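Quick setup: one chain, the form deposited in one PDB entry, written in structure tokens, and binding and motion questions come after.
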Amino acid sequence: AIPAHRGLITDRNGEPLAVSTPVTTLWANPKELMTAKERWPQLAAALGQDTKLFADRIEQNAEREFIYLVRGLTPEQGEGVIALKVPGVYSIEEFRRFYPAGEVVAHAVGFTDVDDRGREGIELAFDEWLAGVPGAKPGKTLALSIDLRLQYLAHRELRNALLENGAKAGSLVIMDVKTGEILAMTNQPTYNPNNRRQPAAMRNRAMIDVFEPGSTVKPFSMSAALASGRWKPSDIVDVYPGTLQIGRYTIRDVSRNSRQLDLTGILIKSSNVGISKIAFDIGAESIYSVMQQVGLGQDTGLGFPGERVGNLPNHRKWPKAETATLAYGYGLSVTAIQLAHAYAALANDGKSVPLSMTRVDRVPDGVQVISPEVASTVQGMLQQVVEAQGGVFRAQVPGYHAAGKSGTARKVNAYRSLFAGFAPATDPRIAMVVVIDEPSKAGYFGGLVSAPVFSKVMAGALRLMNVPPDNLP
């Protein structure tokens, strides 16, 4: 059968990301080869094979009318073999993929197996569209949501942060909050898909690795508090003395020099005690509902085989310890894609637009998952988290009002450093998640390790997208 030309993958502006390259496959009729044994050695040497092992193979297939000699020669190598003019040697034009951006977008684009079928990423997810039909009809062009310009920036900054932090791994996702598009998705470690010759390096961690989101979910606990009718931002919580006992469990703040904190101060000081006390007052049910509605631990609908769903704990009757730990993101499992999608809903005034890895021309209707008034109040609080005295100043994006939240998880001393946010605050365009796994220098807090990567990637992304600076007089 005649292998078909696989569809071109492009970025959202038409830059090529996966291109079908002509190769030559050689096959032989042994019955005819066996009439030309004197030609075999120069045919073996032309295929870089030992004369004796080549000869053994043909002799062991003397009564098969077909065998492959080699697959995936360049046309030039295949020409050299054809020019030997060996009886019983034939050629087929096959296709191998080339990935012009290589390691930069390897996890998103994926790659094809020996037979030119998708094995990972978009190549796998859109195989039916890309493949076409073997004779023979060509596969179809696919434009991704990815902007190669934002992807290059995200890739470079996440690489530099891993090296500066001596970290094991990392992910970074950028989303268009208005369209649901994935504009960048990068992971470390990465691989060159044009030279496969580590399984670890091939993992799209942003989609297939789950982690505890920790304190990055506090904005969703606060959304539930503001929607309950029992809380406003200027309300106070007494978090003294920085700890709270629930039977056997102790809730702890890292900084314990607080008594009265307003709701914004609970976020600035990442007080687990403060969010736990609000959680006890409003009930875990309300918080669970917000987290489920923004898609934490829920199917993204992206249909990448091997994509993880994670898990959001649920109860009929929430025990007090589980109520506290839900509200500060302990014992949840989410993906970086889910966390970025949730932040996009908050940024898009509480409307969730379905996630897309393909370029969106006609934007589907969004679902109102949080009330626009609550969403807008939480945005303003997350802007104070970044800008306020004592805030996460390393997330500040010079030129723009940015907003977001740090997290730091102790794994089970190894850490995960998180920052999730959006910008600009006065009409958000972009949501971003930065996850750095096991930073190994003195700093491991999300506000130290991930927040500066957010700042640098957001500064470039907003400028690459010509977003007008909103920090004006």
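Think of the rigid core as the biggest set of C-alphas that the two forms share within 1.5 Å after superposition. Each residue number is its position in the shown sequence, starting from 1.
Another form, the form deposited in another entry, is not on view; read the next lines as being about it.
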item	value
Core-aligned CA displacement of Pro428 at least 2 Å between this form and the one not shown	no
Comparison of CA distance in the other entry with shown form for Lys441, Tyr330, at least 3 Å	closer
Sense of the change in Cα distance from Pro439 to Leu462 in the other entry - at least 3 Å versus the shown form	farther
